[PDB]
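Chemist: Provided herewith is a single structure, encoded as structure tokens, for subsequent inquiry.
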Amino acid sequence: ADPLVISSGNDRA
Amino acid sequence: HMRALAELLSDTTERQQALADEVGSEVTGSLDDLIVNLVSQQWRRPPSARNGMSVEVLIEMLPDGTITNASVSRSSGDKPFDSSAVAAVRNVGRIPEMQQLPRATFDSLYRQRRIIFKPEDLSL
């Protein structure tokens, strides 16, 4: 599989 | 492609998402993004992360999607950043659609899943 770019995490600001 | 950002066909805001990230040719269904979906639900940015620092995280999972392992496969040079995301991965602990695949396809893709943690909209 191709490493997916996760830019999100906790619903911070 | 989750939460509130599917694609260009997404009337979220003024988002010219013409050139989106990688697509699925052979395989890697809606799954990688799920893994990712999950990982951020579990993930937590550090005060140290910058607007394009990144971690490759090699995961290990069961034919259930249950995460059996997870490490930093390639560090950003920020152990908090790297690990916060490990704890993103580990905290999910089991992913849904892994059971919808061929074991062989799962083995191909999601047996070990690689999540690249590469921020968006930091403070800096």
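Just so you know, all these numbers are worked out from the coordinates, no wet-lab data involved. All Cβ positions, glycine included, derive from the backbone under ideal geometry; neighbour counts span all protein chains shown.
Chemist: How long are the semi-axes of the ellipsoid equivalent to the protein assembly as shown, from square roots of 5 times the Cα gyration tensor eigenvalues, in whole Å, largest first? Please list the in-between numbers first.
Modeler: Values: eigenvalues 104, 78, 29 Å².
Value: 23, 20, 12 Å, ordered largest first.
Chemist: Let me ask something else about it. Between region B:6-30 and region B:55-87, how many Å separate their Cα centres?
Modeler: After rounding, the separation between the Cα centres reads 24 Å.
Chemist: If you don't mind, there's one more thing I want to ask. Relative contact order, percent, of region B:1-94 when contacts are C-alpha pairs under 8 Å separated by at least 6 residues? Let's see the in-between values first.
Modeler: On the way: 112 pairs, mean separation 25.0, N = 94.
So the answer I get is 27 percent.
Chemist: For chain B, count all C-alpha to C-alpha pairs, find those more than 26 Å apart, and express that count as a whole percent of the total.
Modeler: Details: 1735 of 7626 pairs.
Summing the P(r) of chain B above 26 Å gives 23 percent of all pairs.
Chemist: GluC sites (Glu not before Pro), restricted to region B:25-124: which are DSSP loop and have at most 12 other Cβ atoms within 10 Å? Don't skip to the answer; put the middle values down first.
Modeler: Details: sites: B:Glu26, B:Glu56, B:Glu60, B:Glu97, B:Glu120; in loops: B:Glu26, B:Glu120.
Counting only loop positions with at most 12 other Cβ atoms within 10 Å, the GluC sites (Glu not before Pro) in region B:25-124 are B:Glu26.
Chemist: Run through region B:62-124 and list the chymotrypsin sites (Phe, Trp or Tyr not before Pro) located in a DSSP loop whose Cβ has at most 11 other Cβ atoms within 10 Å.
Modeler: On the way: sites: B:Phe81, B:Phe106, B:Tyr110, B:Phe117; in loops: B:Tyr110.
In loop regions of region B:62-124 (DSSP not H, G, I, E or B), there are no sparsely surrounded chymotrypsin sites (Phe, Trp or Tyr not before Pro).
Chemist: Can you tell me the length gained on complete extension of the stretch B:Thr12 to B:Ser30, counting 0.36 nm per residue apart and subtracting the Cα distance? Working shown, then result.
Modeler: Working: separation 18, 0.36 × 18 = 6.48 nm, distance 2.00 nm.
So the extension gain works out to 4.5 nm.
Chemist: Here's a follow-up. Would you kindly derive the ³J(HN,Hα) couplings of region B:4-11 from the backbone phi angles with the Karplus curve 6.51 cos²θ - 1.76 cosθ + 1.60 (θ = phi - 60°), listing them in order in whole Hz, with x for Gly and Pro?
Modeler: Running phi through 6.51 cos²θ - 1.76 cosθ + 1.60 with θ = phi - 60° gives 8, 9, 7, 6, 6, 7, 9, 8 Hz.
Chemist: If you plug each phi of region B:66-82 into the Karplus form 6.51 cos²θ - 1.76 cosθ + 1.60 with θ = phi - 60°, what whole-Hz ³J(HN,Hα) values come out, in order, with x for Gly and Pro?
Modeler: My calculation for region B:66-82 gives 4, 5, 9, 8, 5, 9, 6, 8, 8, 6, 7, x, 8, 3, x, 4, 3 Hz in order.
Chemist: I need two numbers for region B:23-80: Rg to one decimal and Dmax as a whole number, Cα atoms only, in Å.
Modeler: 13.1, 38
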